[PDB]
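Here's the structure, in structure tokens; my notes come after.
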Amino acid sequence: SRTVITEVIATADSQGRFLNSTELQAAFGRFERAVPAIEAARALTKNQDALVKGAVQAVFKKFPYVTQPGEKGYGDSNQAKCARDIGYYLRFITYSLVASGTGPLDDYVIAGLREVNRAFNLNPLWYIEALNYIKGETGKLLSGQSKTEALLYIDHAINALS
Amino acid sequence: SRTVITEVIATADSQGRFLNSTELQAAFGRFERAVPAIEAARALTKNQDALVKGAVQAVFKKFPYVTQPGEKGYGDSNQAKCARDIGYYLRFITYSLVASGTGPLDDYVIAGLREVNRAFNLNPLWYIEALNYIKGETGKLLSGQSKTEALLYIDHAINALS
Amino acid sequence: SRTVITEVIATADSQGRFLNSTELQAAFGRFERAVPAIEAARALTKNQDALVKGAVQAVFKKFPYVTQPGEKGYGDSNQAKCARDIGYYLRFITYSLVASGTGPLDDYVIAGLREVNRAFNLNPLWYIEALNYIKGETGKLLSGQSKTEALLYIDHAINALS
Amino acid sequence: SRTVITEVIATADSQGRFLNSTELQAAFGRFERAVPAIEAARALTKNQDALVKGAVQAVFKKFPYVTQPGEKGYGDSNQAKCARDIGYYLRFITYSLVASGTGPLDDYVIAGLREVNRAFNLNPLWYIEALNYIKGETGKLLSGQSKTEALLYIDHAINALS
Amino acid sequence: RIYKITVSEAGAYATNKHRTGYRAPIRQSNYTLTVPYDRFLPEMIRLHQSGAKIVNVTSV
Amino acid sequence: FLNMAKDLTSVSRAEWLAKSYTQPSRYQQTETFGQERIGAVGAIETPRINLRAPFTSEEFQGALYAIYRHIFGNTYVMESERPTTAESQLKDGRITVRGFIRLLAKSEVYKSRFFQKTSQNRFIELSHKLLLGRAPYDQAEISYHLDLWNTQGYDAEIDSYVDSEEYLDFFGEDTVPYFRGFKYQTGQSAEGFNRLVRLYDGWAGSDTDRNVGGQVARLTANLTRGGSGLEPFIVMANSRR
Amino acid sequence: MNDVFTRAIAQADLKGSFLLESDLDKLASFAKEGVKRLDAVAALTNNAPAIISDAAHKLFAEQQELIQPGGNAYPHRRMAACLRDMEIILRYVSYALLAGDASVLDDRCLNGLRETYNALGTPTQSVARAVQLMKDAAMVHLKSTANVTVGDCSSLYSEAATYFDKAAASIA
Amino acid sequence: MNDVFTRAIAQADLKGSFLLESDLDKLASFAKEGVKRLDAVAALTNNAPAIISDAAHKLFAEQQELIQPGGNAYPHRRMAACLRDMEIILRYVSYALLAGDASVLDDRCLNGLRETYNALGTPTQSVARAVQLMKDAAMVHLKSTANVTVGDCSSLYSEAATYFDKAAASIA
Amino acid sequence: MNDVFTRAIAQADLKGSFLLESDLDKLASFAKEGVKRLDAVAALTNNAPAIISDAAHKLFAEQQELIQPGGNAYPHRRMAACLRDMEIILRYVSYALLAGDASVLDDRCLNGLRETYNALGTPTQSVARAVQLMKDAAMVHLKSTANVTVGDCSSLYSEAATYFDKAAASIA
Ligand SMILES: CCC1=C(C)/C(=C/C2=NC(=C\c3[nH]c(/C=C4\NC(=O)[C@H](C)[C@H]4CC)c(C)c3CCC(=O)O)/C(CCC(=O)O)=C2C)NC1=O
Ligand SMILES: CCC1=C(C)/C(=C/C2=NC(=C\c3[nH]c(/C=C4\NC(=O)[C@H](C)[C@H]4CC)c(C)c3CCC(=O)O)/C(CCC(=O)O)=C2C)NC1=O
Ligand SMILES: CCC1=C(C)/C(=C/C2=NC(=C\c3[nH]c(/C=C4\NC(=O)[C@H](C)[C@H]4CC)c(C)c3CCC(=O)O)/C(CCC(=O)O)=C2C)NC1=O
Ligand SMILES: CCC1=C(C)/C(=C/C2=NC(=C\c3[nH]c(/C=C4\NC(=O)[C@H](C)[C@H]4CC)c(C)c3CCC(=O)O)/C(CCC(=O)O)=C2C)NC1=O
Ligand SMILES: CCC1=C(C)/C(=C/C2=NC(=C\c3[nH]c(/C=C4\NC(=O)[C@H](C)[C@H]4CC)c(C)c3CCC(=O)O)/C(CCC(=O)O)=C2C)NC1=O
Ligand SMILES: CCC1=C(C)/C(=C/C2=NC(=C\c3[nH]c(/C=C4\NC(=O)[C@H](C)[C@H]4CC)c(C)c3CCC(=O)O)/C(CCC(=O)O)=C2C)NC1=O
Ligand SMILES: CCC1=C(C)/C(=C/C2=NC(=C\c3[nH]c(/C=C4\NC(=O)[C@H](C)[C@H]4CC)c(C)c3CCC(=O)O)/C(CCC(=O)O)=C2C)NC1=O
Ligand SMILES: CCC1=C(C)/C(=C/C2=NC(=C\c3[nH]c(/C=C4\NC(=O)[C@H](C)[C@H]4CC)c(C)c3CCC(=O)O)/C(CCC(=O)O)=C2C)NC1=O
Ligand SMILES: CCC1=C(C)/C(=C/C2=NC(=C\c3[nH]c(/C=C4\NC(=O)[C@H](C)[C@H]4CC)c(C)c3CCC(=O)O)/C(CCC(=O)O)=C2C)NC1=O
Ligand SMILES: CCC1=C(C)/C(=C/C2=NC(=C\c3[nH]c(/C=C4\NC(=O)[C@H](C)[C@H]4CC)c(C)c3CCC(=O)O)/C(CCC(=O)O)=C2C)NC1=O
Ligand SMILES: CCC1=C(C)/C(=C/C2=NC(=C\c3[nH]c(/C=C4\NC(=O)[C@H](C)[C@H]4CC)c(C)c3CCC(=O)O)/C(CCC(=O)O)=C2C)NC1=O
């Protein structure tokens with residue numbers, strides 16, 4: 001996964017050279033930023049259920065029509081899959097927070113996203129609404145830097161969806 | 001030159017993507033570590049004259065035969081060139097400290113070092129001894145992390161020599 | 001190894017064509033130059049021990065400091081390795097004389113020479129002095145075309161070192 | 001072999017796409033004009049004996065010098081394999097007619113034609129004459145679309161022989 | 001002998017690359033390619049197949 | 001049964017399905033699973049080196065390292081064998097990365113490692129691997145390249161690879177060649193993946209001519225046959241037994 | 001690549017003979033039914049997204065084990081590769097249906113697919129099941145009469161079934 | 001490649017689970033103790049020529065047959081390749097030490113190394129001995145207490161030893 | 001690639017020694033007879049089309065099954081491949097004659113040729129027969145007294161025969 005340490009190692013390895021001061025300072029920045037990111041991930045994990053339920057209902061609020069019979073948001077299975085997908089997004093965002101890089105989101109959600117959504121007729125706007133929700137509440141669940149890392153990762157996912 | 005910021009932006013450009021958390025954290029580490037590096041730069045610049053003369057004396061102590069006639073170090077012109085080269089190394093170490101990267105050393109010293117030294121029959125052990133003296137005297141008048149940075153850059157230069 | 005015959009055959013092979021008059025003429029010149037070259041090789045084989053001892057003593061004469069304690073010429077093992085290395089160079093020079101091409105020297109000595117002398121901190125100038133001594137002595141062992149063949153291979157090795 | 005169906009399928013495969021409208025309508029045209037082509041194939045199969053004997057004699061008339069002793073056409077075996085080669089040419093023209101593509105002519109005759117003729121010293125003008133006689137006959141044997149279909153392949157073979 | 005070709009693209013290459021998609025990172029249109037005589041024939045027709053346009057061919 | 005009935009009816013269907021969806025699979029397969037099996041994680045995830053006309057010393061030296069690692073098959077090239085004039089021409093902008101690759105593959109390094117002590121089958125599969133980042137897709141490629149070298153020579157045969165539409169569409173004058181055939185390519189023959197796997201020897205493998213047996217071909221029978229020859233019997237086995 | 005015409009020509013050349021009149025009759029019959037064959041191929045082409053989506057839905061409902069965390073179609077890129085493979089195989093079945101011969105499907109698509117899947121760790125039984133589900137979904141659009149003149153095409157349906165079965169049995 | 005964090009994340013994904021509190025505590029400990037890891041990596045990097053030279057001297061002092069005519073480091077080219085190998089392995093051990101994970105040794109440094117040596121004919125026992133000697137010569141520079149704040153780095157020494165031993169055991 | 005000189009040198013290097021006086025005498029005799037060797041190589045090169053043509057004519061007169069439909073040289077592409085192969089083998093026999101060593105013949109031509117022919121369905125007995133017939137035609141041309149100085153060249157004749165025999169044995 002593309003993280004600070006991993007890109008450091010990969011760039012040094014592609015040039016066949018040891019780890020120098022530049023890369024060690026990048027690693028130092030990662031190790032220092034770990035504390036805000038890890039406790040932001042802690043906060044996001046502790047509140048996963050409320051976040052996911054609020055996100056699903058926010059999607060149903062901004063897209064009322066999907067709830068009606070005959071289209072995507074109708075049925076117990078479809079809404080369980082909505083909840084599962086939003087939980088997937090939250091899970092990989094917390095993963096990226098912990099790993100200090102967009103790696104987990106890049107490799108698990110963003111690689112192959114458009115093809116899969118197109119094949120299954122899934123609107124990226126639903127997930128954008130859910131992630132804007134999660135963004136809004138992660139604003140008040142987090143303070144200081146932790147809010148900052150959480151929102152960089154959430155906005156990275158949103159940008160990937162658009 | 002290869003700094004933290006330049007490596008960040010080059011990696012981001014190579015994928016054709018914006019600058020994100022996995023790059024901003026590296027830049028943050030650079031900005032955190034800037035203060036010891038600049039302090040070490042001041043310390044190395046203020047003591048440059050004594051450092052250079054002592055390094056030349058260390059070279060002539062470790063390799064006495066060089067001073068004998070018919071050898072490289074005989075003559076005032078050769079010894080002036082010795083002082084000039086040690087000053088070059090010290091100056092570019094200060095540059096590398098300031099830029100928080102091996103870029104100044106790589107671009108101005110390391111690139112072409114071996115061929116240039118071989119052509120003019122310059123022994124890299126002379127410069128290794130001078131840099132070892134500079135490392136020893138950097139053990140004084142530098143404290144804590146600034147000394148760590150200076151020693152890392154000097155060790156980069158030494159590793160490139162050998 | 002790269003000889004006259006081998007370069008001829010490899011040229012015709014990479015071109016997908018039979019050997020023509022030009023390559024037969026190159027081969028003819030090789031087969032003629034063989035008589036002086038084999039005579040030179042036999043002369044250098046007879047006097048290999050004297051040449052090695054003389055080259056080692058010339059190395060110690062031109063670099064009196066190496067034999068001092070704490071440097072690479074001190075100890076019986078180090079000087080034995082000196083004699084071994086001079087023997088290697090002489091043996092591969094006679095190989096290149098027999099083969100009518102620099103192939104033995106390029107393959108067995110020159111390929112990797114710089115990395116190895118750099119790793120083990122061997123000065124190329126020691127070997128250059130030894131080869132210059134051997135050049136002078138073969139100036140007295142040989143004459144005519146044998147002399148120029150041996151000298152050409154010897155100072156091919158010399159330019160390889162420098 | 002390269003025929004219309006094969007061309008359209010291979011083009012669709014190289015682009016990783018399904019067979020679009022143009023390829024299907026081209027296949028439709030191939031299927032429609034199979035009837036004239038199969039008619040020509042059956043006609044030229046029925047009259048293979050007269051066509052082959054006439055082509056052989058036409059070659060002998062236009063090249064009267066090939067028959068005298070010491071020449072390529074002298075002998076019963078050379079006669080027989082003249083007939084055999086012209087039979088091959090007619091067989092592959094019928095194959096191309098059936099396939100509605102020059103692929104059989106390309107693969108079983110044209111690919112390797114010059115090298116083989118040069119190796120065995122066979123004048124392509126001989127077979128140009130024989131195919132020209134067959135071209136003169138097919139105008140008598142065939143009508144409408146069938147005549148043109150066979151003429152295309154005979155002209156293709158004559159062009160290849162040039 | 002070697003000749004220098006000045007290459008430009010004004011829509012044909014753009015249309016082709018929009019159909020096919022951006023497969024290696026995008027680059028500026030105008031550039032100069034030096035070609036020996038032996039490969040002078042293919043490269044130019046290659047530049048014609050890619051829809052590229054040439055403005056000057058110099059013999060040096 | 002009582003626990004099953006409490007899990008079935010006592011609770012609403014929505015969370016029941018929700019948690020059933022996120023249960024772990026019996027396939028315990030990470031995202032890198034499958035790439036790790038074939039040994040191609042690094043060869044897939046390494047950066048694509050693109051070298052423009054203006055560049056710095058670090059970018060230039062790193063691009064040189066990548067070029068020598070790929071184009072010479074992870075084989076050691078000593079300091080004496082490195083082409084200085086070609087590096088200078090590339091540094092000035094006289095030749096592109098493509099022209100540098102063309103010069104390198106025409107060099108005695110490449111020839112001595114991949115041409116001179118080999119059969120033409122080995123040279124052809126190896127040039128496909130090194131210059132196109134993919135394996136030969138059929139026997140027609142083998143016949144085409146053997147004929148081309150036999151009638152025109154080594155340089156024409158190298159120009160066939162470097163002037164190919166494939167090379168320009170994927171590498172195109174500025175990017176170092178990389179291994180393309182670990183991902184599905186359009187037009188691929190479903191065996192080119194297996195053939196690139198059989199050509200690839202991991203990240204620490206090389207295409208040296210210094211192996212004990214020598215430099216020998218790998219894909220001759222698979223290419224000429226077009227497969228393993230067990231597929232008809234696989235179709236039989238997928239019936240009754 | 002081999003279609004019915006090239007296959008007949010290859011046999012005739014092996015014998016060393018001109019095509020017999022019965023062979024010409026079979027080839028003329030093939031050309032006559034070519035328009036119906038083209039209609040079948042267009043039915044497979046135009047309805048490809050529907051077929052793939054239907055077969056994917058039924059496959060992932062049948063064995064949810066594949067889309068769960070750890071499954072082989074779990075992450076977006078592996079699910080995308082799954083859909084891509086189904087697209088590829090359906091494309092090759094359409095090629096084989098137009099040609100009238102399974103040589104293209106066997107040569108370009110099936111010889112190495114199974115050990116590709118084994119190397120990757122893909123479950124080959126599930127891939128074969130997906131191909132069977134595409135068969136079932138494709139026959140529906142293959143028999144659709146809208147915008148097409150009514151007629152009998154049972155031979156075409158049998159041939160397409162044998163191509164899908166060839167694919168499934170080669171993969172499994 | 002993986003670091004410790006991505007390895008924990010990958011092991012958590014197979015469970016469909018968020019990272020646990022104990023896992024987050026372990027990763028917080030890893031990062032909080034990261035400055036010592038950086039010092040250790042700098043120690044390996046800055047003394048790499050010394051490590052390789054010391055190990056090479058000892059290796060060719062114990063095993064003279066490697067540098068005899070017929071030995072596998074005999075000519076300059078084979079010796080040069082030997083030194084390249086030692087430098088590469090040490091570089092990758094430093095990568096692994098920075099990452100806190102051995103995934104970069106498995107995926108890159110040792111991916112096909114045993115097979116390389118086996119095909120070349122290289123005695124893998126001598127290669128493992130070279131790696132052991134590099135471990136012995138690298139522990140000294142890791143344990144050097146000069147120029148660094150004093151502290152307990154026994155875990156870093158053990159981890160580096162495991163990386164060196166992993167390389168040695170994968171060779172032989 | 002090797003010649004007699006490089007082969008002797010490689011053996012001496014394995015022994016770790018200088019070339020002995022007997023070896024130097026052998027190589028001196030080789031270089032002395034090199035002019036005759038060049039005559040033999042030119043005899044092979046100048047008369048190559050005649051050699052291949054005669055071998056092909058005799059081969060296809062002996063084995064008519066090779067040029068019939070179903071034969072391994074039936075169409076022009078297969079016959080051209082046959083003749084191309086014959087020229088390639090003759091050309092590597094000429095290279096080996098010049099070098100005085102068969103290393104290039106083994107490494108380039110006969111490297112995996114038996115397996116290539118087996119996988120192609122090429123009858124290797126017939127390839128060996130073709131190589132024998134080229135050997136005969138060549139032996140006629142190398143023994144020609146015209147345009148040379150009469151002398152004893154039986155060693156060259158035997159060496160060329162060994163090269164042809166080694167080619168035919170490697171193939172079959
Ligand atoms: C690890 C990363 C990952 C993601 C993100 C992912 C999303 C995903 N959701 C799916 C199904 C679905 N997802 C939804 C989501 C909708 N439900 C409605 O209530 C909402 C409006 C909306 C969500 C905001 C629906 C309706 C389906 C069923 C689509 C169908 O089968 O027709 C599918 C198809 C496979 C299946 O049927 O289970 C995928 C691939 N899969 C992954 O492996
Ligand atoms: C399937 C495609 C195919 C073609 C077209 C073909 C032509 C062909 N004809 C041949 C023989 C021959 N063919 C001819 C030509 C005829 N003889 C004369 O009566 C006429 C002037 C002349 C016809 C116009 C001759 C003279 C030979 C004998 C050459 C020899 O001595 O080898 C040979 C050499 C092998 C042999 O049969 O001995 C080939 C390859 N072979 C093929 O496999
Ligand atoms: C280093 C980064 C970089 C840039 C920026 C760049 C610009 C660039 N713009 C192009 C085309 C284009 N660029 C534009 C955009 C302009 N026209 C619109 O009206 C707008 C006013 C305006 C954008 C705000 C358009 C419309 C084209 C298509 C022109 C055509 O096809 O005729 C092309 C040619 C694409 C091809 O031939 O396939 C390039 C190379 N190239 C680079 O390598
Ligand atoms: C990309 C499209 C294209 C172009 C632009 C083209 C023209 C063209 N003509 C060329 C040479 C040539 N062209 C000719 C033409 C003849 N000269 C006179 O005798 C005749 C009146 C005339 C016949 C019409 C000649 C003689 C040469 C050789 C020039 C030389 O080598 O000095 C070359 C260089 C061939 C090479 O170096 O490989 C090109 C590119 N051909 C193409 O396919
Ligand atoms: C540079 C060293 C080298 C050689 C010589 C070599 C031989 C070689 N011969 C081949 C084919 C062939 N080779 C032959 C030759 C046979 N035909 C008759 O049966 C004869 C008994 C016999 C020759 C006297 C034929 C007919 C083919 C066509 C393959 C086929 O049957 O489809 C092929 C496959 C590619 C192609 O079809 O052109 C190779 C690689 N490969 C090498 O790397
Ligand atoms: C031209 C003919 C051809 C085909 C068909 C082909 C298939 C093919 N499928 C692949 C991966 C894959 N294929 C699948 C699909 C399977 N796994 C799912 O669970 C389903 C059960 C099932 C689909 C119904 C998956 C999931 C992968 C990714 C496996 C991995 O990356 O580890 C790959 C590896 C390259 C890549 O990932 O892009 C190939 C080459 N290759 C070819 O050259
Ligand atoms: C645009 C590309 C193109 C296509 C697709 C094409 C096919 C095509 N099929 C036709 C008739 C037909 N089409 C079919 C096939 C049908 N039988 C069943 O009802 C099925 C629903 C279906 C196939 C499974 C049949 C049986 C006929 C009548 C028989 C015939 O006309 O030969 C016709 C009308 C011609 C006529 O009967 O006078 C066309 C144009 N032609 C083209 O140029
Ligand atoms: C076949 C080609 C070949 C050559 C040429 C070669 C040279 C060579 N000499 C060496 C030893 C040595 N060689 C010397 C040099 C001599 N000793 C001193 O008495 C003199 C000042 C000096 C005169 C030139 C020294 C000092 C060593 C010891 C290396 C050390 O311990 O660091 C070594 C290090 C490996 C070992 O321990 O033996 C090499 C590689 N090796 C080869 O395989
Ligand atoms: C993943 C990173 C990576 C590694 C690790 C790597 C190892 C590696 N070492 C090689 C050769 C070699 N390696 C050695 C080293 C051995 N000699 C013995 O004396 C020693 C005990 C031992 C080393 C400590 C030697 C001597 C060769 C040359 C073999 C030869 O020339 O025949 C080769 C083949 C390249 C060539 O021979 O030119 C590789 C691939 N390559 C890589 O890209
Ligand atoms: C530019 C690259 C870079 C490096 C190298 C770096 C190292 C570094 N070493 C530090 C102190 C330290 N360094 C060490 C490590 C040493 N202690 C023992 O002597 C061991 C022998 C040895 C490690 C193997 C220890 C234990 C500390 C104490 C700080 C702590 O444990 O929290 C600190 C924190 C200052 C403090 O609070 O004391 C840093 C940031 N930082 C960087 O940005
Ligand atoms: C242009 C390239 C080139 C060639 C071709 C060449 C050949 C060559 N052949 C020579 C004589 C000779 N050539 C031969 C060989 C022939 N006699 C036997 O009858 C055989 C039929 C046949 C060899 C198979 C012999 C025996 C001599 C006499 C020289 C001697 O015996 O030492 C000579 C010495 C001058 C002379 O006596 O006429 C040369 C230079 N030299 C070259 O630079």
Side-chain angles (χ1 to χ4, degrees), chain A residues 1-12 14-15 17-38 40-41 93 95-107 110-111 145-160, chain B residues 1-15 17-37 40-41 93 95-107 110-111 145-146 148-160 162:
Chain A
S1 294
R2 163 200 279 101
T3 59
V4 176
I5 300 291
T6 287
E7 311 166 70
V8 168
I9 290 173
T11 55
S14 63
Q15 303 147 19
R17 55 175 187 82
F18 279 82
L19 297 160
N20 53 26
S21 296
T22 300
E23 301 156 320
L24 260 51
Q25 297 187 347
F28 177 75
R30 185 266 185 275
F31 287 141
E32 289 327 297
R33 285 274 90 168
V35 187
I38 293 170
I93 287 181
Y95 285 163
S96 307
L97 271 166
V98 162
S100 65
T102 63
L105 274 154
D106 267 357
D107 303 328
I110 297 169
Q145 279 309 297
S146 315
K147 173 175 179 180
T148 300
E149 292 84 4
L151 295 176
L152 281 71
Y153 292 113
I154 292 164
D155 303 338
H156 176 80
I158 279 157
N159 289 323
Chain B
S1 291
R2 180 194 273 137
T3 66
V4 191
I5 306 104
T6 299
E7 188 79 356
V8 170
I9 304 189
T11 292
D13 191 288
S14 83
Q15 273 87 71
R17 50 184 198 69
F18 281 79
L19 302 158
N20 77 70
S21 73
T22 185
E23 304 297 331
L24 301 174
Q25 274 151 40
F28 170 78
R30 184 271 200 270
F31 295 133
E32 264 184 334
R33 179 65 65 192
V35 176
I93 288 182
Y95 294 162
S96 298
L97 272 158
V98 171
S100 49
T102 63
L105 265 175
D106 291 331
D107 282 16
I110 316 311
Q145 289 312 297
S146 71
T148 300
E149 306 276 310
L151 293 197
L152 261 65
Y153 288 120
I154 299 168
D155 291 331
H156 183 73
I158 294 173
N159 292 162
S162 60

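Quick note on labels: first sequence line is chain A, next is B, and so on, each numbered from 1.
Distance check, rounded to the nearest 0.5 Å: CG of B:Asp106 to CG of A:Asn20 gives 7.5 Å. To the nearest 0.5 angstrom, A:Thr3 atom OG1 is 9.5 Å from B:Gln25 atom CD.
Of all heavy-atom pairs spanning A:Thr22 and B:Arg2, the tightest one is OG1-O, 3.7 Å.
Contacts between B:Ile5 and chain A at a heavy-atom distance below 4.5 Å are absent for every atom of the residue. Looking at A:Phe31, there are no atoms closer than 4.5 Å to chain B (heavy atoms on both sides), in backbone or side chain. For B:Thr11, the part sitting under 4.5 Å from any heavy atom of chain A is the side chain, from C-beta outward, and nothing else.
Contact of the B:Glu7 side chain with the A:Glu7 side chain is not registered, since no non-hydrogen atoms from C-beta on lie closer than 4.5 Å. Looking only at side-chain heavy atoms (C-beta outward), B:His156 and A:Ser21 stay at 4.5 Å or farther from each other. No side-chain heavy atom of A:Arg33 sits under 4.5 Å from any side-chain heavy atom of B:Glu32.
Across B:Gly103, B:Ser96, B:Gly29, the residue that shares the most heavy-atom pairs under 4.5 angstrom with chain A is B:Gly29. Of the residues considered (B:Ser100, B:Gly101, B:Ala99, B:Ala26), B:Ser100 shows the highest number of contacts with chain A, using heavy-atom pairs under 4.5 Å.
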